[PDB]
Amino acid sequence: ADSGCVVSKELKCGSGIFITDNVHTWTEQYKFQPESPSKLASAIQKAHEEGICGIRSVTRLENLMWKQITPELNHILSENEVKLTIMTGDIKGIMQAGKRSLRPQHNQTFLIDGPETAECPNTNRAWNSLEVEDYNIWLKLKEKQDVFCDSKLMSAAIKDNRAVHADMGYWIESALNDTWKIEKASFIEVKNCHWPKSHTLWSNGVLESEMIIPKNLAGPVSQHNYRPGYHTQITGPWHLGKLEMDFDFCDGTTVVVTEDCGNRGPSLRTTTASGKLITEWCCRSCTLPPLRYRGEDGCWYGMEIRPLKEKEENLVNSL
């Protein structure tokens, strides 16, 4: 067990389990490391032999690993005198999943991450094929090609009417004010894996048509992932990659509830592409305070929120 001391203005000490937030920390405390870059390289040789253009990362740290290891891998690949050039790209927005998966055991090109292409489909990319051995993190090959995120990375906790589902890239908070409902969400990444129900709190009788964070977007199948007058934000501003969902009004905007408002569609931003600000918003059934997203390009509103009088075409949505 983990024995120590923590302070909230109350002080408490003892033994138990401590769940940390590594998302909001400006410092990068964790890095990913391989146990056998040789085995990895061989698995990539096999993958290319098994017909694979490249691989797509599940998380940000995996991508950073692929980046920091690519030269050595290519070097190793050259050390084995096997003709292949490994190319690692960047991650942006939702990390799309790959249907292929690695198996443990002029020049060609192996495309790790990067943007989409016609030469290499997502179905030819490998994904979710690296798990954690132990803790800098000793990683390794997986059992099989499950569409779940790594269990050793997931975490969760609940006490004093505050529930948290946490990850190395996610930080999801719900609370009990009259009822249990989602409160906050923090994202460094957006991934296409599924949140394991082993590390999930309150998973019984969960309507997937109501869970805000999408299941196929590592959304916890939980009644904590619930918010009255909301549904799954399938078409939300997840194209940001890094964002902060909360339940308040965007700065300088006003949202009201009315039947006169339109139907739910792709999330929109307060700021026009031209820079024009809209202050008047509406929802047909949403529950004030409204679902908002804080990111790079500014604030966005939930799918349920549409502008009152302004035409939707004038705005920017999830493309």
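Note that residue numbering follows the sequence shown and begins at 1.
*Asks:* Pick one of none, 1 to 3, 4 to 9 or 10 or more for the number of deposited-sequence residues not modelled between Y135 and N136.
*Replies:* The entry has 4 to 9 unmodelled residues between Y135 and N136.
*Asks:* If you count the residues of the deposited sequence that sit between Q105 and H106 but have no coordinates, do you get none, 1 to 3, 4 to 9, or 10 or more?
*Replies:* Count of unmodelled residues in between: 10 or more.
*Asks:* With reference to the PDB entry, specify whether the mean Cα temperature factor is higher for 79-87 or for 225-233.
*Replies:* According to the entry, 79-87 carries the higher average C-alpha B-factor.
*Asks:* Looking only at CA atoms, which has the higher mean B factor in the entry: 197-205 or 95-103?
*Replies:* Taking the mean C-alpha B-factor of 197-205 and of 95-103, the larger value falls to 95-103.
*Asks:* Kindly indicate the residue among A118, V190, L243, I172 with the greatest C-alpha B-factor in the PDB record.
*Replies:* Highest CA B-factor of the listed options: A118.
*Asks:* Among the modelled residues of this chain, does the Cα B factor of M154 put it in the lowest, middle or highest third?
*Replies:* For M154, whose C-alpha B-factor we compare with every modelled residue in the chain, the answer is the lowest third.
*Asks:* Ordered by C-alpha B-factor within the chain, which third holds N74? Give me lowest, middle or highest, please.
*Replies:* Its C-alpha B-factor, which the entry lists for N74, ranks in the middle third among residues of this chain.
*Asks:* Going by the entry, which third of its chain does the Cα temperature factor of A185 land in?
*Replies:* Lowest third - that is where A185 ends up once the chain's C-alpha B-factors are sorted.
*Asks:* Can you work out whether the C-alpha temperature factor of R162 puts it in the lowest, middle or highest third of the chain?
*Replies:* According to the entry, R162 has a C-alpha B-factor in the chain's middle third.
*Asks:* Within this chain's modelled residues, let me know which third the CA B factor of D21 belongs to: lowest, middle or highest.
*Replies:* Lowest third of the chain for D21's C-alpha B-factor.
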